[PDB]
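Chemist: Submitted below is the structure of interest, expressed as structure tokens.
There are 2 protein chains.
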Amino acid sequence: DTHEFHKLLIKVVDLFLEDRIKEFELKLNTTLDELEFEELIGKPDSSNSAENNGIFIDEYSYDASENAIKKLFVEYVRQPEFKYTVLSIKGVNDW
Amino acid sequence: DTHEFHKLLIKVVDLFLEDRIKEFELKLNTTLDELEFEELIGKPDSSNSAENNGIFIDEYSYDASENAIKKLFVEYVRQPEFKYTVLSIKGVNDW
Numbered sequence: 002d003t004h005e006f007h008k009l010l011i012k013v014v015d016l017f018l019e020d021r022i023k024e025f026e027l028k029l030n031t032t033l034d035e036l037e038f039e040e041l042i043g044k045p046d047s048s049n050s051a052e053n054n055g056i057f058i059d060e061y062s063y064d065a066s067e068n069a070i071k072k073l074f075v076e077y078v079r080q081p082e083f084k085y086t087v088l089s090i091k092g093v094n095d096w
Numbered sequence: 002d003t004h005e006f007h008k009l010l011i012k013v014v015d016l017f018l019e020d021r022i023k024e025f026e027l028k029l030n031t032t033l034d035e036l037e038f039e040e041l042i043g044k045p046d047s048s049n050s051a052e053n054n055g056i057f058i059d060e061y062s063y064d065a066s067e068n069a070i071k072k073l074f075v076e077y078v079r080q081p082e083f084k085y086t087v088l089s090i091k092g093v094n095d096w
């Protein structure tokens, strides 16, 4: 169920970070708890947070073989009890 | 490894067909054998195959609650020994 769904989401990101998935877009509606959300993120080399009309967009950077950089975009709405409703996840390549 | 990666790809599609994933875009490079490729596809209600400079684009339709239809796009190059190298998978909603 929902736990295995979120496990998958995390792995999707990991395979993106491995460049086994080159780039991806997910459109979702599910809600994560903190440990899930943080795991999803891994360790960026820098992060940005932006907000508009209650909607948050986070931008995470991951360095790989130069000048190849991985970027992950997470769109979510913050929820009571340290939870996060993910609306979309997007992975991209940059220089 | 590779087998578990393809497992994942199949489920991604199934979650899209369940509308747990609303729509998705995967950009990949991996090669599947027939059993894998066919399971990835499920049972569509209609199929289209398109070819351009050796590259194939398949379009699959799945009926859901009306007039909601799921559409799956698979981009691949045919390979010897009934193998298929997937370059991208795309899932979208339509009426």
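If you read the sequences in order, they're chains B and A.
Note that PDB author numbering has the first sequence beginning at 2, numbered continuously upward.
Note that PDB author numbering has the second sequence beginning at 2, numbered continuously upward.
Don't be surprised by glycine CBs; every beta carbon is placed ideally from N, CA and C.
1. Less than 8 Å separating the beta-carbons of residue 25 of chain B and residue 92 of chain B?
2. When you compare each of B:39, B:46, B:2 to residue 71 of chain B by their alpha carbons, which one comes out closest?
3. Given residue 48 of chain A, which residues of its chain have a CB within under 6 Å of its CB, disregarding the five upstream and five downstream residues?
4. Find the residues of chain B that neighbour residue 22 of chain A, judging by a C-beta separation of less than 8 Å, and give them in chain order.
5. Who are residue 86 of chain A's beta bridge partners in DSSP?
6. Helix, strand or coil, according to DSSP, for residue 52 of chain B in the structure here?
7. If you follow the alpha helix (DSSP H) that residue 19 of chain B is in, where does it begin and where does it stop?
8. Between the Cα of residue 66 of chain B and the Cα atoms of B:36, B:94, B:9, which residue gives the shortest distance?
9. List the whole-angstrom C-beta distance separating residue 33 of chain B from residue 14 of chain B, where the pair is believed to meet the contact cut-off of C-beta under 8 Å.
Modeler: Reading it off the structure:
1. yes
2. For the options B:39, B:46, B:2, the alpha carbon positioned closest to that of residue 71 of chain B is the one of B:46.
3. 61
4. 27, 28, 29
5. Bridge partners of residue 86 of chain A: A:32, A:78.
6. strand
7. Counting along the chain, residue 19 of chain B falls outside any alpha helix (DSSP H), and DSSP gives it neither H nor E.
8. B:94
9. Rounded, the Cβ-Cβ distance is 12 Å, inconsistent with contact.
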